[PDB]
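Q: Using the entry's author numbering, the first residue of the sequence shown is number 7, and each one after it goes up by one.
Note that the Cβ used here is the ideal one computed from N, Cα and C, for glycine as well.
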Amino acid sequence: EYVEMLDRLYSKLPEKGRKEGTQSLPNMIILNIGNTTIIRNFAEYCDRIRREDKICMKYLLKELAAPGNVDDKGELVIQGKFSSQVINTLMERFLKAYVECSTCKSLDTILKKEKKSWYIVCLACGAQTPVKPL
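1) Could you tell me the alpha carbon to alpha carbon distance between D77 and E50, rounded to whole angstroms?
2) Relative to the alpha-carbon of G86, which residue among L140, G40 and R24 has its alpha-carbon at the smallest distance?
3) Using 8 Å as the Cβ pair cut-off and three pairs as the minimum, do the stretch 51 to 60 and the stretch 93 to 110 touch?
4) For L113 and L66, what's the separation of their Cα atoms in angstroms?
5) Shortest alpha-carbon distance to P32 belongs to which of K18, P20, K25 and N47?
6) Express the C-alpha separation of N75 and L140 in angstroms, rounding to a whole number.
7) Give me the Cβ distance between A130 and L117, rounded to the nearest whole Å; I'm assuming they're in contact under 8 Å.
8) Taking 6 Å as the limit between beta carbons, can you name the residues of its chain near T43, skipping five residues before and five after?
9) If distances are taken between C-alpha atoms only, which option among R14, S17 and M34 comes closest to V92?
10) Any C-beta of chain D sitting closer than 7 Å to the C-beta of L70?
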């Protein structure tokens, strides 16, 4: 519950090295004002769909059958199918993990995509990247 808030290297500021921030909890809800998807808590939101920059950005291109506008009054309006679905569906398994897999005794092991350099990092699994052969 106690989300340590330092802002120092959570996202946004391209000063990568010490600290990897933290994601889950604070205002994780887009506003959709007609195909226009205005991302309020964008700093969190980017690393709620995906921390891995490239695939995160690629998803917000591929899911956009519409010309993706960037930014309004400071807050990040994008134009396409990145409006309260997608990222929020992903945070339903990410942020809402404990209820998405409703407390399976202690071990909620059915989270994130166990493929192509993504996988799940600890928590549900004893070791990060539980790829494995059959």
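A: Looking at the atomic coordinates:
1) 16 Å
2) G40
3) yes
4) 32 Å
5) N47
6) 44 Å
7) 5 Å
8) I36, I84, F88 and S89
9) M34
10) Checking the listed chains, one finds no chain D in this structure; it contains a single protein chain.
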